[PDB]
Amino acid sequence: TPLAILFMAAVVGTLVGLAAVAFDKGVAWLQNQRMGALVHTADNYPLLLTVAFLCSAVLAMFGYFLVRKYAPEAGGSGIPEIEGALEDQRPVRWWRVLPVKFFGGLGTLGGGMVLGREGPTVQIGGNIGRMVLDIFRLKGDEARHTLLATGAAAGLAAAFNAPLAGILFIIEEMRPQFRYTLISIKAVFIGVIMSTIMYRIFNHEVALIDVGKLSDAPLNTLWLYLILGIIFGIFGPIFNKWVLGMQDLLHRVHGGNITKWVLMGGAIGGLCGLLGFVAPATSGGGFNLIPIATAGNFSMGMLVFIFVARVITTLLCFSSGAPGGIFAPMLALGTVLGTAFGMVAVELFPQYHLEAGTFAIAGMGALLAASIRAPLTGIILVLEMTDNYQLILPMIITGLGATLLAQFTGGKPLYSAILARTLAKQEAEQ
Amino acid sequence: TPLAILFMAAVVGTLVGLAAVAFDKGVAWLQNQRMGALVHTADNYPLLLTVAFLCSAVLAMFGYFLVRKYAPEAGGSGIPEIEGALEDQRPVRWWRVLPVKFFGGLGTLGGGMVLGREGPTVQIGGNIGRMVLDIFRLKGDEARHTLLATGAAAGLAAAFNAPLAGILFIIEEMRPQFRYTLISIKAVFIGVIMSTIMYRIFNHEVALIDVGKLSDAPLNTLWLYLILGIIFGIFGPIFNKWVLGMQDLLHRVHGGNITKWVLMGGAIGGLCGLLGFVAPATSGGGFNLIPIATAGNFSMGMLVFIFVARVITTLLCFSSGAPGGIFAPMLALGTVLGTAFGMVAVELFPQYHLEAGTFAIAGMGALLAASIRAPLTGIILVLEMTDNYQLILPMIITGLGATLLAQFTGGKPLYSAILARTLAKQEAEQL
């Protein structure tokens with residue numbers, strides 16, 4: 001028991017790391033095979049349109065048919081039904097939700113949707129941490145929570161190569177009333193470290209969005225980051241309302257009717273699959289359009305069209321009950337709004353010698369701190385994904401001036417809203 | 001009021017890191033200026049060994065005369081005083097120790113000594129986090145020990161660029177079964193991540209001391225890393241008793257006698273300067289020979305020579321009370337034994353088709369796992385320093401076997417044995 005739960009945490013770490021890197025490799029393989037089949041025939045334009053449309057719609061409806069038939073809790077980004085599962089409601093079951101998330105989320109994520117590559121694996125981690133817990137028959141009460149939390153943290157630490165954010169996101173989703181034991185936090189630590197080690201064995205790159213060397217921001221332009229924090233704080237609790245107002249709408253237009261729900265899912269996967277070809281910087285995981293939008297490459301007249309198309313696809317494709325989270329779409333939806341304000345700022349203030357590149361890095365985690373209201377795992381997640389650490393002072397300002405002002409306007413966090421809605425729908429069955 | 005204690009921990013995390021990179025810039029600048037002064041006048045040997053015994057020895061008398069006149073609790077490895085300060089004893093008075101530990105441990109470590117740059121910055125972290133708590137005059141015993149553990153976890157993470165291994169030493173060097181609040185662990189994390197961010201802001205590096213990607217480790221050769229763990233397990237507590245015995249012998253040969261103590265410190269610094277000049281890899285911070293000894297460069301006789309010489313000089317120049325910590329040179333003293341075991345293995349089993357590099361990495365976090373008895377921060381520290389993550393299973397096998405044999409035969413961790421010895425000694429001196 002004492003020095004065995006640490007070995008259990010090590011098994012959780014290596015299994016979640018291997019599953020996350022296999023999920024990433026399968027998604028990359030499906031995307032590369034899809035674009036290879038696109039280049040394989042190059043005769044005319046509408047045939048290429050329909051072969052990019054019907055494919056990745058069949059691949060999306062495969063994932064939709066697998067989720068809406070076998071396990072209904074896999075739809076909805078994974079962090080709901082693991083935050084409640086950290087409590088004693090909405091339980092997890094690896095015999096149902098673990099295979100469907102992997103083998104029907106890799107298809108609908110690598111097909112070309114605008115879904116996230118963190119949401120599936122952050123629930124894959126918790127379900128593995130429950131699976132290898134219960135298959136050893138290690139009975140307990142706190143042991144279940146400290147073998148579920150290490151999986152729920154490892155599923156992010158092996159997802160974004162960020163252990164310092166992978167532990168902080170599972171810290172900032174707890175209750176500070178009761179204090180915790182030293183064996184539990186060590187069981188989280190060992191699982192996080194084994195998962196990021198099993199991630200770093202396969203892949204070697206220490207960055208994830210290679211923007212590279214940038215310019216520092218002096219103290220004369222520091223207040224514009226606080227102004228951008230005010231913009232992100234007044235934009236924070238509106239996107240959550242848009243998600244929660246599109247979710248009941250997409251459920252209303254296809255109430256019940258699984259064989260119609262998967263046709264709606266195919267029709268919404270084919271749209272973003274076509275948009276991945278006709279104009280590729282509006283759909284996908286976002287990492288194909290973040291380093292293009294950090295440096296100045298997008299025009300101002302095209303940037304608002306990119307932002308509007310981006311929000312209208314990341315509302316309408318995720319919220320229909322799809323296997324994907326909001327860490328990968330939001331980290332591009334924030335940086336587009338960041339580089340727009342950066343272009344306006346460099347056009348407005350010539351006496352600062354500033355560029356819009358640092359304003360794009362200083363707006364990635366701003367939306368992640370204004371919507372999820374977790375401002376300590378946005379900043380370090382950004383500074384571990386991209387590597388320009390030098391804008392740490394114009395990142396904490398636009399984080400804690402965004403969430404502090406969004407607290408005053410009134411708005412619940414997103415994962416404490418989807419979980420609240422499904423907790424109402426749990427007791428509202430009879 | 002907690003948000004304020006989180007901002008307090010942010011002040012600790014931004015002061016440490018800056019202080020650690022200032023310490024690193026100072027020790028590198030002093031070593032570079034000594035290397036430049038050795039080649040300015042480069043006529044012959046006897047007019048250069050005398051200046052190598054003059055400088056990097058007056059720089060040792062400087063640190064010794066600092067640490068013996070102003071604050072005597074700053075002398076020796078740093079971190080056992082922080083281990084005492086995490087309990088309700090050994091008061092870390094920052095006005096006495098922070099103007100002496102930095103300004104003497106940059107000198108006695110830029111003097112080419114055998115010591116390491118982890119101890120004198122983990123105590124700098126703890127003393128900074130104890131300084132900022134009284135300068136804001138917000139009291140509380142649970143409001144304290146969250147700015148002391150914050151600095152003690154900040155110092156190591158800014159020393160070795162290891163924000164993962166910087167927390168787990170504080171995890172594994174605290175009391176078990178004691179429940180800790182979420183505000184405390186968040187105040188630890190804020191200091192850790194600020195202390196690695198404002199470390200990596202200056203010296204842009206992908207890692208610390210590097211070999212590159214070595215070979216992989218197949219499943220057939222895991223039966224030999226356990227034997228290496230057996231060797232480090234029977235070596236560890238003997239090394240810890242060697243440290244304590246050399247400390248007792250040096251205090252026997254110098255009881256009090258501050259002028260003779262700083263003269264012995266000058267002689268013991270000039271010794272390191274001379275042996276560092278005549279041989280490029282037998283002294284230093286244990287970082288200038290780990291890439292040399294990991295790849296195949298040395299012969300086996302030269303390897304046992306550098307191992308015996310470093311075993312001599314680590315005990316001989318650490319237990320004299322100089323401001324330096326044995327947490328960096330233990331890595332080099334372990335990896336010379338690891339590459340010696342690899343040199344035995346490439347001759348005894350040539351059909352395994354392995355080289356001595358994959359056994360030179362698994363000796364770094366083995367002596368640090370045996371003589372310190374914290375294996376889950378010696379497994380991760382090596383993988384954070386050298387970026388060859390592809391051997392995690394041999395490091396786990398070697399570390400677990402080393403701590404298993406070190407616990408079976410017996411012995412105490414060094415950073416707790418030194419603390420227990422000085423806690424007995426101070427009450428033996430008083431009353």
# chains A, B, ... in the order shown; residues from 1 in each chain; ligands from 1
>>> residues_around(residues="residue 75 in chain A", least_positions_apart="6", cutoff="10 Å", atoms="only C-alpha atoms", output="number ranges by chain")
A: 64, 67-68, 81, 97, 101, 105, 119-120, 318-325
>>> interface_residues(of="chain B", to="chain A", cutoff="6 Å", atoms="only C-alpha atoms", output="mmCIF file with N, CA and C atoms, in the first residue's frame")
data_model
loop_
_atom_site.group_PDB
_atom_site.id
_atom_site.type_symbol
_atom_site.label_atom_id
_atom_site.label_comp_id
_atom_site.auth_asym_id
_atom_site.auth_seq_id
_atom_site.Cartn_x
_atom_site.Cartn_y
_atom_site.Cartn_z
ATOM 1 N N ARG B 179 -1.101 16.706 6.616
ATOM 2 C CA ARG B 179 -1.911 17.262 5.543
ATOM 3 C C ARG B 179 -1.562 18.727 5.309
ATOM 4 N N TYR B 180 -1.458 19.104 4.037
ATOM 5 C CA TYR B 180 -1.048 20.444 3.641
ATOM 6 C C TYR B 180 -2.135 21.096 2.799
ATOM 7 N N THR B 181 -2.328 22.396 3.010
ATOM 8 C CA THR B 181 -3.406 23.129 2.367
ATOM 9 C C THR B 181 -3.107 23.363 0.889
ATOM 10 N N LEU B 182 -4.168 23.664 0.133
ATOM 11 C CA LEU B 182 -4.012 23.947 -1.290
ATOM 12 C C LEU B 182 -3.330 25.289 -1.521
ATOM 13 N N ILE B 201 14.832 32.981 -18.865
ATOM 14 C CA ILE B 201 14.719 34.227 -19.617
ATOM 15 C C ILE B 201 16.088 34.716 -20.103
ATOM 16 N N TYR B 389 15.957 11.177 -22.644
ATOM 17 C CA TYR B 389 14.850 10.569 -21.917
ATOM 18 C C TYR B 389 14.637 9.103 -22.259
ATOM 19 N N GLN B 390 15.277 8.589 -23.316
ATOM 20 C CA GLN B 390 14.994 7.256 -23.838
ATOM 21 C C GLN B 390 15.419 6.131 -22.905
#
>>> closest_residue(among="B:92, B:124, B:115, B:362", to="residue 284 in chain B", atoms="only C-alpha atoms")
B:115
>>> atom_distance(atom1="CA of residue 349 in chain A", atom2="CA of residue 220 in chain A")
10.9 Å
>>> closest_residue(among="A:92, A:42, A:113, A:304", to="residue 340 in chain A", atoms="only C-alpha atoms")
A:304
>>> residues_around(residues="range 272-286 of chain A", least_positions_apart="2", cutoff="7 Å", atoms="only C-alpha atoms", output="PyMOL selection string")
chain A and resi 49+52-53+56+112-117+268-270+288-290+306+309-310+328-329+332
>>> write_last_selection(atoms="N, CA and C atoms", output="PDB file, in the first residue's frame")
ATOM      1  N   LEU A  49     -13.224  18.963 -54.420  1.00  0.00           N
ATOM      2  CA  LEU A  49     -14.118  19.464 -53.381  1.00  0.00           C
ATOM      3  C   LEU A  49     -14.982  18.350 -52.802  1.00  0.00           C
ATOM      4  N   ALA A  52     -12.872  15.806 -50.832  1.00  0.00           N
ATOM      5  CA  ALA A  52     -12.506  16.332 -49.525  1.00  0.00           C
ATOM      6  C   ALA A  52     -13.720  16.560 -48.638  1.00  0.00           C
ATOM      7  N   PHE A  53     -14.921  16.568 -49.216  1.00  0.00           N
ATOM      8  CA  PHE A  53     -16.138  16.781 -48.447  1.00  0.00           C
ATOM      9  C   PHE A  53     -16.737  15.477 -47.926  1.00  0.00           C
ATOM     10  N   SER A  56     -13.933  12.649 -44.620  1.00  0.00           N
ATOM     11  CA  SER A  56     -13.941  13.415 -43.364  1.00  0.00           C
ATOM     12  C   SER A  56     -15.344  13.820 -42.922  1.00  0.00           C
ATOM     13  N   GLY A 112     -10.402  16.588 -39.769  1.00  0.00           N
ATOM     14  CA  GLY A 112     -10.376  17.959 -40.231  1.00  0.00           C
ATOM     15  C   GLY A 112     -11.325  18.867 -39.483  1.00  0.00           C
ATOM     16  N   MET A 113     -11.859  18.384 -38.364  1.00  0.00           N
ATOM     17  CA  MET A 113     -12.717  19.214 -37.538  1.00  0.00           C
ATOM     18  C   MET A 113     -11.897  20.271 -36.804  1.00  0.00           C
ATOM     19  N   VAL A 114     -12.607  21.196 -36.164  1.00  0.00           N
ATOM     20  CA  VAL A 114     -11.985  22.327 -35.486  1.00  0.00           C
ATOM     21  C   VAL A 114     -11.939  21.998 -33.995  1.00  0.00           C
ATOM     22  N   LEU A 115     -12.004  20.708 -33.688  1.00  0.00           N
ATOM     23  CA  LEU A 115     -12.020  20.227 -32.319  1.00  0.00           C
ATOM     24  C   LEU A 115     -10.635  20.355 -31.686  1.00  0.00           C
ATOM     25  N   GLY A 116     -10.557  20.020 -30.404  1.00  0.00           N
ATOM     26  CA  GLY A 116      -9.320  20.107 -29.657  1.00  0.00           C
ATOM     27  C   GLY A 116      -8.652  18.758 -29.468  1.00  0.00           C
ATOM     28  N   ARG A 117      -7.323  18.777 -29.431  1.00  0.00           N
ATOM     29  CA  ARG A 117      -6.538  17.571 -29.219  1.00  0.00           C
ATOM     30  C   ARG A 117      -6.145  17.375 -27.762  1.00  0.00           C
ATOM     31  N   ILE A 268     -21.852  18.543 -40.457  1.00  0.00           N
ATOM     32  CA  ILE A 268     -21.023  19.572 -39.842  1.00  0.00           C
ATOM     33  C   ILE A 268     -19.537  19.226 -39.907  1.00  0.00           C
ATOM     34  N   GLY A 269     -19.188  17.952 -40.100  1.00  0.00           N
ATOM     35  CA  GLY A 269     -17.802  17.605 -40.348  1.00  0.00           C
ATOM     36  C   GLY A 269     -17.374  17.870 -41.772  1.00  0.00           C
ATOM     37  N   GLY A 270     -18.287  17.687 -42.730  1.00  0.00           N
ATOM     38  CA  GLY A 270     -17.961  17.960 -44.118  1.00  0.00           C
ATOM     39  C   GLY A 270     -17.750  19.430 -44.405  1.00  0.00           C
ATOM     40  N   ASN A 288      -1.842  24.946 -36.984  1.00  0.00           N
ATOM     41  CA  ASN A 288      -1.443  25.293 -38.337  1.00  0.00           C
ATOM     42  C   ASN A 288      -1.639  26.770 -38.641  1.00  0.00           C
ATOM     43  N   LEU A 289      -2.382  27.502 -37.806  1.00  0.00           N
ATOM     44  CA  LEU A 289      -2.641  28.913 -38.057  1.00  0.00           C
ATOM     45  C   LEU A 289      -2.151  29.839 -36.954  1.00  0.00           C
ATOM     46  N   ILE A 290      -1.666  29.315 -35.833  1.00  0.00           N
ATOM     47  CA  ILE A 290      -1.087  30.176 -34.799  1.00  0.00           C
ATOM     48  C   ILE A 290       0.253  30.781 -35.232  1.00  0.00           C
ATOM     49  N   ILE A 306     -11.317  35.916 -40.800  1.00  0.00           N
ATOM     50  CA  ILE A 306     -10.742  34.715 -40.200  1.00  0.00           C
ATOM     51  C   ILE A 306     -11.292  34.508 -38.793  1.00  0.00           C
ATOM     52  N   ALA A 309     -15.164  33.529 -39.094  1.00  0.00           N
ATOM     53  CA  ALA A 309     -15.273  32.144 -39.539  1.00  0.00           C
ATOM     54  C   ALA A 309     -14.772  31.173 -38.479  1.00  0.00           C
ATOM     55  N   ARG A 310     -13.749  31.570 -37.716  1.00  0.00           N
ATOM     56  CA  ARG A 310     -13.209  30.723 -36.663  1.00  0.00           C
ATOM     57  C   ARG A 310     -14.201  30.545 -35.522  1.00  0.00           C
ATOM     58  N   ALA A 328      -7.214  23.489 -27.612  1.00  0.00           N
ATOM     59  CA  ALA A 328      -6.664  23.785 -28.931  1.00  0.00           C
ATOM     60  C   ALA A 328      -7.445  24.813 -29.764  1.00  0.00           C
ATOM     61  N   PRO A 329      -8.794  24.868 -29.775  1.00  0.00           N
ATOM     62  CA  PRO A 329      -9.423  25.972 -30.526  1.00  0.00           C
ATOM     63  C   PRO A 329      -9.265  27.324 -29.864  1.00  0.00           C
ATOM     64  N   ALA A 332      -6.062  29.379 -30.444  1.00  0.00           N
ATOM     65  CA  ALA A 332      -5.977  30.100 -31.706  1.00  0.00           C
ATOM     66  C   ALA A 332      -6.990  31.227 -31.799  1.00  0.00           C
TER      67      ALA A 332
END
>>> residues_around(residues="residue 1 in chain A", least_positions_apart="5", cutoff="10 Å", atoms="only C-alpha atoms", output="PyMOL selection string")
chain A and resi 6-8+138+143
>>> residues_around(residues="residue 295 in chain A", least_positions_apart="4", cutoff="9 Å", atoms="only C-alpha atoms", output="list in words")
residues 211, 291, 339, 355, 356, 357, 358 and 360 of chain A
>>> residues_around(residues="range 7-13 of chain B", least_positions_apart="5", cutoff="6 Å", atoms="only C-alpha atoms", output="PyMOL selection string")
chain B and resi 129+187+190-191+194-195
>>> closest_residue(among="A:404, A:54, A:74, A:203", to="residue 22 in chain A", atoms="only C-alpha atoms")
A:203
>>> residues_around(residues="residue 54 in chain B", least_positions_apart="2", cutoff="12 Å", atoms="only C-alpha atoms", output="ChimeraX atom specification")
/B:34,38,47-52,56-61,111,266-274
>>> write_last_selection(atoms="C-alpha atoms", output="PDB file, in the first residue's frame")
ATOM      1  CA  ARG B  34      41.042  33.402 -14.013  1.00  0.00           C
ATOM      2  CA  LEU B  38      46.435  32.312 -16.723  1.00  0.00           C
ATOM      3  CA  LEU B  47      55.914  31.321 -12.497  1.00  0.00           C
ATOM      4  CA  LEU B  48      52.362  30.109 -13.205  1.00  0.00           C
ATOM      5  CA  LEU B  49      51.868  27.514 -10.464  1.00  0.00           C
ATOM      6  CA  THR B  50      52.710  30.214  -7.905  1.00  0.00           C
ATOM      7  CA  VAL B  51      50.049  32.567  -9.245  1.00  0.00           C
ATOM      8  CA  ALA B  52      47.647  29.600  -9.463  1.00  0.00           C
ATOM      9  CA  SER B  56      41.859  31.035  -6.444  1.00  0.00           C
ATOM     10  CA  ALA B  57      43.318  30.741  -2.907  1.00  0.00           C
ATOM     11  CA  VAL B  58      43.088  34.336  -1.726  1.00  0.00           C
ATOM     12  CA  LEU B  59      39.585  34.038  -3.210  1.00  0.00           C
ATOM     13  CA  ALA B  60      39.119  31.064  -0.849  1.00  0.00           C
ATOM     14  CA  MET B  61      40.437  32.981   2.178  1.00  0.00           C
ATOM     15  CA  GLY B 111      38.146  29.564  -7.191  1.00  0.00           C
ATOM     16  CA  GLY B 266      43.404  29.181   1.378  1.00  0.00           C
ATOM     17  CA  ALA B 267      45.653  26.129   1.124  1.00  0.00           C
ATOM     18  CA  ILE B 268      42.661  23.946   0.253  1.00  0.00           C
ATOM     19  CA  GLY B 269      41.569  26.387  -2.459  1.00  0.00           C
ATOM     20  CA  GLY B 270      45.052  26.682  -3.902  1.00  0.00           C
ATOM     21  CA  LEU B 271      45.166  22.885  -4.021  1.00  0.00           C
ATOM     22  CA  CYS B 272      42.068  22.852  -6.263  1.00  0.00           C
ATOM     23  CA  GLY B 273      43.533  25.644  -8.384  1.00  0.00           C
ATOM     24  CA  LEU B 274      46.783  23.725  -8.898  1.00  0.00           C
TER      25      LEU B 274
END
>>> decode(residues="range 199-231 of chain B", atoms="N, CA and C atoms", output="compact mmCIF listing (two decimals), in the first residue's frame")
# COMPACT_ATOMS: atom_id res chain seq x y z
N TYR B 199 14.75 32.07 -14.72
CA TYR B 199 16.04 31.49 -15.06
C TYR B 199 16.20 31.39 -16.57
N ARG B 200 15.22 30.77 -17.24
CA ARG B 200 15.29 30.56 -18.68
C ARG B 200 15.14 31.84 -19.50
N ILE B 201 14.83 32.98 -18.87
CA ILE B 201 14.72 34.23 -19.62
C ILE B 201 16.09 34.72 -20.10
N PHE B 202 17.17 34.39 -19.39
CA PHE B 202 18.49 34.92 -19.74
C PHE B 202 19.31 33.96 -20.60
N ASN B 203 19.62 32.78 -20.07
CA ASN B 203 20.47 31.82 -20.77
C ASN B 203 19.57 30.83 -21.51
N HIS B 204 19.29 31.15 -22.77
CA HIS B 204 18.43 30.33 -23.62
C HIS B 204 19.16 29.04 -23.95
N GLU B 205 18.74 27.94 -23.32
CA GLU B 205 19.33 26.64 -23.56
C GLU B 205 18.22 25.60 -23.58
N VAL B 206 18.41 24.57 -24.41
CA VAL B 206 17.42 23.50 -24.50
C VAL B 206 17.48 22.58 -23.29
N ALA B 207 18.60 22.58 -22.57
CA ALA B 207 18.84 21.67 -21.46
C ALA B 207 19.95 22.26 -20.59
N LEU B 208 20.53 21.42 -19.74
CA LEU B 208 21.76 21.65 -19.02
C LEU B 208 22.73 20.63 -19.62
N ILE B 209 23.87 20.38 -18.93
CA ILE B 209 25.08 19.69 -19.41
C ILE B 209 24.79 18.46 -20.27
N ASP B 210 25.37 18.43 -21.47
CA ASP B 210 24.80 17.68 -22.58
C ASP B 210 25.75 16.61 -23.08
N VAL B 211 25.17 15.48 -23.48
CA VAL B 211 25.86 14.48 -24.27
C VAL B 211 25.23 14.35 -25.66
N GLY B 212 23.99 14.79 -25.84
CA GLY B 212 23.22 14.44 -27.01
C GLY B 212 22.48 13.15 -26.78
N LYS B 213 21.76 12.72 -27.81
CA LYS B 213 21.03 11.46 -27.72
C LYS B 213 22.01 10.30 -27.81
N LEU B 214 22.09 9.51 -26.73
CA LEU B 214 22.90 8.30 -26.72
C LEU B 214 22.09 7.16 -27.33
N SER B 215 22.59 5.93 -27.18
CA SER B 215 21.87 4.79 -27.71
C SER B 215 20.67 4.46 -26.82
N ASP B 216 19.79 3.63 -27.35
CA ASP B 216 18.68 3.13 -26.56
C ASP B 216 19.15 1.99 -25.65
N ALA B 217 18.24 1.51 -24.82
CA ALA B 217 18.54 0.42 -23.90
C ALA B 217 17.61 -0.75 -24.17
N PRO B 218 18.10 -1.86 -24.71
CA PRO B 218 17.23 -3.01 -24.97
C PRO B 218 16.84 -3.72 -23.69
N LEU B 219 15.86 -4.61 -23.82
CA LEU B 219 15.30 -5.33 -22.68
C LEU B 219 16.21 -6.45 -22.18
N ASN B 220 17.23 -6.83 -22.95
CA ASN B 220 18.09 -7.93 -22.54
C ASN B 220 19.13 -7.49 -21.52
N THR B 221 19.55 -6.23 -21.55
CA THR B 221 20.67 -5.75 -20.75
C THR B 221 20.24 -5.11 -19.44
N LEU B 222 18.99 -5.32 -19.02
CA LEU B 222 18.54 -4.74 -17.76
C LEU B 222 19.06 -5.49 -16.54
N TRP B 223 19.68 -6.65 -16.72
CA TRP B 223 20.22 -7.42 -15.60
C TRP B 223 21.55 -6.88 -15.09
N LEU B 224 22.15 -5.90 -15.77
CA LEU B 224 23.42 -5.33 -15.36
C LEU B 224 23.27 -4.00 -14.64
N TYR B 225 22.20 -3.25 -14.95
CA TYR B 225 21.93 -2.01 -14.24
C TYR B 225 21.55 -2.28 -12.79
N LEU B 226 20.94 -3.43 -12.52
CA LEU B 226 20.71 -3.83 -11.13
C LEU B 226 22.01 -4.10 -10.40
N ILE B 227 23.01 -4.65 -11.09
CA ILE B 227 24.32 -4.89 -10.47
C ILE B 227 25.02 -3.56 -10.20
N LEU B 228 24.86 -2.59 -11.11
CA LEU B 228 25.38 -1.24 -10.87
C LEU B 228 24.68 -0.59 -9.68
N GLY B 229 23.37 -0.84 -9.53
CA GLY B 229 22.66 -0.37 -8.35
C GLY B 229 23.14 -1.03 -7.07
N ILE B 230 23.51 -2.32 -7.15
CA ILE B 230 24.11 -3.02 -6.01
C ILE B 230 25.43 -2.36 -5.61
N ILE B 231 26.25 -2.00 -6.61
CA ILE B 231 27.54 -1.38 -6.34
C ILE B 231 27.37 0.00 -5.70
